[PDB]
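Below is one structure, written out as structure tokens, with a few remarks after it.
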Amino acid sequence: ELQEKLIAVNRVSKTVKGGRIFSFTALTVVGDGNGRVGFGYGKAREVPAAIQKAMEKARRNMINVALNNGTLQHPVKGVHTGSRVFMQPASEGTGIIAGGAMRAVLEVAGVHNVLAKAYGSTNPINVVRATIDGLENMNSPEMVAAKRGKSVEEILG
Amino acid sequence: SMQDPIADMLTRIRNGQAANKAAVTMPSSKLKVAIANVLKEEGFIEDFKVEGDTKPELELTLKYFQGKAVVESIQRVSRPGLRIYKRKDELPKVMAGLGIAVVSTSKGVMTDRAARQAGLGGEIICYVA
Amino acid sequence: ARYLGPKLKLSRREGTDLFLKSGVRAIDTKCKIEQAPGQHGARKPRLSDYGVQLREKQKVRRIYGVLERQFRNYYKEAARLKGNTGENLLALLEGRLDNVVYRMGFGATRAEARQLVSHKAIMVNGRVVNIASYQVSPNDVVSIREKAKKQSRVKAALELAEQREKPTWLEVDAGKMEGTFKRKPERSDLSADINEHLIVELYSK
Amino acid sequence: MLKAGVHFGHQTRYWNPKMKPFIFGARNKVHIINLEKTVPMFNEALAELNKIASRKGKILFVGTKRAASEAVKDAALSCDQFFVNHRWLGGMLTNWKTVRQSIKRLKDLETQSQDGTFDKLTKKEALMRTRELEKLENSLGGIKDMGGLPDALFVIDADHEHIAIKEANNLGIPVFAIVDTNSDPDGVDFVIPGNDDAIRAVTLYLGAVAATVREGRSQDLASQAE
Amino acid sequence: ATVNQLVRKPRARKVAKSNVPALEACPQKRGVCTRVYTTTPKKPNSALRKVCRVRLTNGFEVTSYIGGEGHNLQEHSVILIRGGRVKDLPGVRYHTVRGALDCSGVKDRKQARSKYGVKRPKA
RNA sequence: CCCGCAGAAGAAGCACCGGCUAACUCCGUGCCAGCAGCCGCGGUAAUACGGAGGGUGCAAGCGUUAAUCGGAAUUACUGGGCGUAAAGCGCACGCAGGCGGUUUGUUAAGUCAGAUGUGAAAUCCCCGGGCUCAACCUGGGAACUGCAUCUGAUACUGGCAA
Numbered sequence: 009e010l011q012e013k014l015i016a017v018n019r020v021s022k023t024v025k026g027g028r029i030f031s032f033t034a035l036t037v038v039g040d041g042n043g044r045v046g047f048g049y050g051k052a053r054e055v056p057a058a059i060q061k062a063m064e065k066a067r068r069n070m071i072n073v074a075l076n077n078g079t080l081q082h083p084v085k086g087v088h089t090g091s092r093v094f095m096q097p098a099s100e101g102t103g104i105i106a107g108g109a110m111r112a113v114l115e116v117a118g119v120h121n122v123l124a125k126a127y128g129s130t131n132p133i134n135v136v137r138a139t140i141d142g143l144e145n146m147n148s149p150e151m152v153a154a155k156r157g158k159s160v161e162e163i164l165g
Numbered sequence: 001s002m003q004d005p006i007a008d009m010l011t012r013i014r015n016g017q018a019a020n021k022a023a024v025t026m027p028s029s030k031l032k033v034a035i036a037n038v039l040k041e042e043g044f045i046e047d048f049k050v051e052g053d054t055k056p057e058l059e060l061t062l063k064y065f066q067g068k069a070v071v072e073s074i075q076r077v078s079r080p081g082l083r084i085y086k087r088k089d090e091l092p093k094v095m096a097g098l099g100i101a102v103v104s105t106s107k108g109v110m111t112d113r114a115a116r117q118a119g120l121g122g123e124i125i126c127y128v129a
Numbered sequence: 001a002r003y004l005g006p007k008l009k010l011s012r013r014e015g016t017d018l019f020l021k022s023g024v025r026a027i028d029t030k031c032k033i034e035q036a037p038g039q040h041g042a043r044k045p046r047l048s049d050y051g052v053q054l055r056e057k058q059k060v061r062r063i064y065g066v067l068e069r070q071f072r073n074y075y076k077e078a079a080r081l082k083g084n085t086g087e088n089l090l091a092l093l094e095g096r097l098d099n100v101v102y103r104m105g106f107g108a109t110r111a112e113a114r115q116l117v118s119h120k121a122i123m124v125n126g127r128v129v130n131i132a133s134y135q136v137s138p139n140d141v142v143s144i145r146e147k148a149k150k151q152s153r154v155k156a157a158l159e160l161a162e163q164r165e166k167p168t169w170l171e172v173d174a175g176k177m178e179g180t181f182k183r184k185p186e187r188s189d190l191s192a193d194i195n196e197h198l199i200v201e202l203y204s205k
Numbered sequence: 008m009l010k011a012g013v014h015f016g017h018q019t020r021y022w023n024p025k026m027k028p029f030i031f032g033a034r035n036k037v038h039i040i041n042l043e044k045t046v047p048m049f050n051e052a053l054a055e056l057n058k059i060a061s062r063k064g065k066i067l068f069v070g071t072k073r074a075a076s077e078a079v080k081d082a083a084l085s086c087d088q089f090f091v092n093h094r095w096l097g098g099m100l101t102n103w104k105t106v107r108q109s110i111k112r113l114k115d116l117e118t119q120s121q122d123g124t125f126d127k128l129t130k131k132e133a134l135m136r137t138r139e140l141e142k143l144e145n146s147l148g149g150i151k152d153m154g155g156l157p158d159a160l161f162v163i164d165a166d167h168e169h170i171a172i173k174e175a176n177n178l179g180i181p182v183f184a185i186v187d188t189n190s191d192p193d194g195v196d197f198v199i200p201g202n203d204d205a206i207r208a209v210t211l212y213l214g215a216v217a218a219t220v221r222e223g224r225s226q227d228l229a230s231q232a233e
Numbered sequence: 001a002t003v004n005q006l007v008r009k010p011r012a013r014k015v016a017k018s019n020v021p022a023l024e025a026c027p028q029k030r031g032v033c034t035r036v037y038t039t040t041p042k043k044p045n046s047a048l049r050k051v052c053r054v055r056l057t058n059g060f061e062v063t064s065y066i067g068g069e070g071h072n073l074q075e076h077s078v079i080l081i082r083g084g085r086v087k088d089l090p091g092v093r094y095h096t097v098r099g100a101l102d103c104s105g106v107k108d109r110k111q112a113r114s115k116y117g118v119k120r121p122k123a
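So the sequence lines, in the order shown, correspond to chains e, h, d, bb and l. Just so we're aligned: the first sequence equals residues 9 to 165 in PDB author numbering. Just so we're aligned: the second sequence equals residues 1 to 129 in PDB author numbering. Just so we're aligned: the third sequence equals residues 1 to 205 in PDB author numbering. Just so we're aligned: the fourth sequence equals residues 8 to 233 in PDB author numbering. Just so we're aligned: the fifth sequence equals residues 1 to 123 in PDB author numbering.
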């Protein structure tokens, strides 16, 4: 019902007087498969504690995204910290063909077929914040019809 | 030094939608009242009023449906440094067809969807999404 | 060309049964499926994001018996062909002649039905076809020539295929030993256990 | 396959007629459960247990049966899970709001009686407070460390603990049970047609569930993270 | 930027330089192999790398590494030269194809014997 | 091409297995011998060298080398930048070049639409057909993103007049 997914674990350091003291950061996205996504970063002294922090942080941070038939409504860009993301609806593109750290958040979002290309930097944290900014940026024909044109037969045509 | 008044119109629409202003005003012209007339026909903008005799000024009431603005993005396509003309069957659809592209054709200034059933193309002025 | 090695070690690498043996008995509990594919078999690995796609492709190729060059030509044909790509790909794999002989029940396995097709025994549209990669068109009739008719193995394998799920896109008679390929199967018609977007995505990489 | 335990079939004549998909009338006027259909349902159950226990969910094991009493405690404390085997209290799940402070009486009383006033008042008071602990201990001992509502209910006899099933169908807990021939597979989500009254069977089914639980809680993903 | 500047001067294509200047657009070249010798590698590695100097058939005199474990090359030794540097010696940009003309195969190899030119141990 | 005879008989290698990258253990050696596409391994318990077992990929091929494009948004027209990361002339004037406020009229050059001619055939793509299937051959079309001419449209751009 939740269908969690771990993307990438990084090993960081702190460098105190004694020696370099290591800890681990996780990065997860969770979400049902109807356009709800939460990413949780999370960091702890040990790996499964870190992914567990990332689960509990991801579950209370979800974003509602409106998608029809498991794909986008329109091609949408996205930008966060030098990670530019272009993702495209691909009506039966037949494959969630995105890069690393974007394929995860997309298929736990519930899109099944996009054409997603990640420009700029490819840091997994910044590209997953970029794709969640793009997915929240995308709106629906009932959204743009309810604010413009006042008919989905007029807005779509 | 003001070499594209159409881009100077669209940057007032965009800066008004950013700055949360009720109305905006630019020095009027025939093309600005035509494009603003198209935007009122579409529903991104209500109530343009041209108000002047010798030095005309046209004002626009800027729409805000939610707390969020209505003009989500607005680009300028046929800038004077690089004019862009399209065929009939090469006219774009902005935001997968739920935005409108303003094109100037020989039957007047209209939208892309209007120019498809009109069966002709021209100078795509802007992309209003 | 074809694999011809220990044909259940493949099913232990895949974990899931591939139906590569006849099924007189069950999965024998004399191969130790689902616990070891080799020496380091009890060591269960991580099997990362490339690994799940690769094991999906190796799963479908090892079910149907198709190699990588020919299978990639099947992907390319499924990509030029209209509609859903994975559905077109499984339609092309369900349209091979040895698979159609298998799903009539004229051979117990894919290699056996491939040997009946290979040994000039299987007849389609009243004509002999020697080739396991024949694409059977809709509304065709697949038969058995009089030489290899009633020789122990259509009897044995057709006796054994009575419990095997009865694929409903083809008519079969079993006394005349003929079957009409009625229509191509939809994705909903084959078992929902293979996962097509991993393969289409793998070659899309 | 009758693998190691003998789970062939049951009683004689008072079968629930809803279990017509699982019958073979033997010569001794005794039903034979369809063992070639039992195994797909049991694997469909274990595929759910790996999912909801790899959720880090809590399984509650239920079976009394006078013979499967110790197999649940032994075959469930091997995991990190919780059990009810002696007496099924009416409303331990849907009236858990008032079963809660009885658990507080048990934990808060063995806290007082392992070191505290277990001798300080009366020999008769030790004979009262200790007898209270052995009354609540095989009534709430397995559910003591739970502290919440469970995510699953593994019932070994639907006909014997049918009120635990309806109990966890007032609220939304997916129950699943190994049913007998006379049991009713209605509230049970993932029905397992088999043997309820064999010590071999309640070793086998409950043992394979015990393997899917502790083998199911990721020891691999965590390791990778580390 | 500035499309008008792109009209005045077009956007220049980057110019790729080859890593193997001994004859370009040729997979192999053949040399005379004067002075087979040894060289110590650069700093973090430490060994004796067996490397021969080679005067090719086009006038170039390049230097090239000799792979495998032991060889049989002495000073006239007409050998065949393929590409690929070593990243361990300064300037060694080529390899000698083992088992080709005189640069024979390696003894007692069993794994990866397409490389090093070793035939299948039948009998 | 078809029919018959004989008997599983004549027919499986190549690369890899530290990460990227699917696939791991032992033994031999000891910063040596060697490996390596980039990080880099090798100092006595090397999943990285050599051998064996086991496994993984491809298969009458397999791997290496050379070469082109991709990935490379890493010459960015689509599609990048320029305070400190590479990058704003030391500052101006200024010819050619580029760009140009606003209204009306005319023109139709740019622009748009149609039509005709042409854009060879083969090749790519679609729907078929024939080789036992496929590769291959082939029917019909689409396309050949164009150029020229005639006919119109005149919103924008340009030319002319006020």
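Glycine is no exception: its CB is placed at the ideal position from the N, C-alpha and C atoms.
From the DSSP secondary-structure annotation, give me the bridge partner or partners of residue i.
| i | result |
| --- | --- |
| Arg49(l) | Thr39(l) |
| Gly179(d) | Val142(d), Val172(d) |
| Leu60(h) | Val24(h), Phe48(h) |
| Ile71(e) | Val45(e) |
| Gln135(d) | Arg96(d) |
| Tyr65(l) | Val51(l), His95(l) |
| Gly121(h) | Beta-bridge pairing links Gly121(h) to no other residue. |
What residue does the alpha helix (DSSP H) around residue i start on, and which one ends it?
| i | result |
| --- | --- |
| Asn177(bb) | 169-177 |
| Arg69(d) | 68-80 |
| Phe49(bb) | 42-60 |
| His197(d) | 196-204 |
Using 10 angstroms around the beta-carbon of residue i, count the other beta-carbons present and answer buried if the total reaches 16, otherwise exposed.
| i | result |
| --- | --- |
| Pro138(d) | exposed |
| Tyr102(d) | buried |
| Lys32(d) | exposed |
| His40(d) | exposed |
| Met135(bb) | exposed |
| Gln88(bb) | buried |
| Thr96(l) | buried |
| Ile84(h) | exposed |
Hey, residue i and residue j are a contact pair by Cβ (cut 8 Å); roughly how many whole angstroms apart?
| i | j | result |
| --- | --- | --- |
| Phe197(bb) | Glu43(bb) | Not quite, the Cβ-Cβ distance comes to about 18 Å (not below 8 Å), so this is no contact. |
| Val182(bb) | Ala175(bb) | 5 Å |
| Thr71(bb) | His38(bb) | Not a contact, Cβ separation roughly 23 Å. |
| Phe32(e) | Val136(e) | At roughly 18 Å, the Cβ-Cβ gap does not stay under 8 Å, so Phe32(e) and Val136(e) are not in contact. |
| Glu59(h) | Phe48(h) | 7 Å |
| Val69(bb) | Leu160(bb) | 6 Å |
In terms of residues, what are the limits of the beta strand (DSSP E) holding residue i?
| i | result |
| --- | --- |
| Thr2(l) | Careful: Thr2(l) lies outside any beta strand (DSSP E) and carries neither H nor E. |
| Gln75(h) | 74-76 |
| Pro56(e) | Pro56(e) -> not in any beta strand (DSSP E); alpha helix (DSSP H) instead, spanning 55-67. |
| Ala138(e) | Segment 132-145 is the alpha helix (DSSP H) holding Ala138(e); no beta strand (DSSP E) there. |
| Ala101(h) | 100-105 |
| residue 147(h) | Because chain h is modelled from 1 through 129, residue 147(h) falls outside the range shown and cannot be assessed. |
| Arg19(e) | 18-21 |
The stretch 16-30 of chain h contacting the stretch 64-71 of chain h, beta-carbon criterion three pairs below 8 Å: yes
Three or more C-beta pairs below 8 Å linking the stretch 54-66 of chain e and the stretch 82-91 of chain e: no
Contact the stretch 181-198 of chain d vs the stretch 55-63 of chain d: 3+ CB pairs below 8 Å: yes
Given 8 Å, three or more beta-carbon pairs between the stretch 27-46 of chain h and the stretch 104-117 of chain h: yes
Validate contact between the stretch 78-98 of chain l and the stretch 42-53 of chain l using beta carbons, cut 8 Å, 3 pairs: yes
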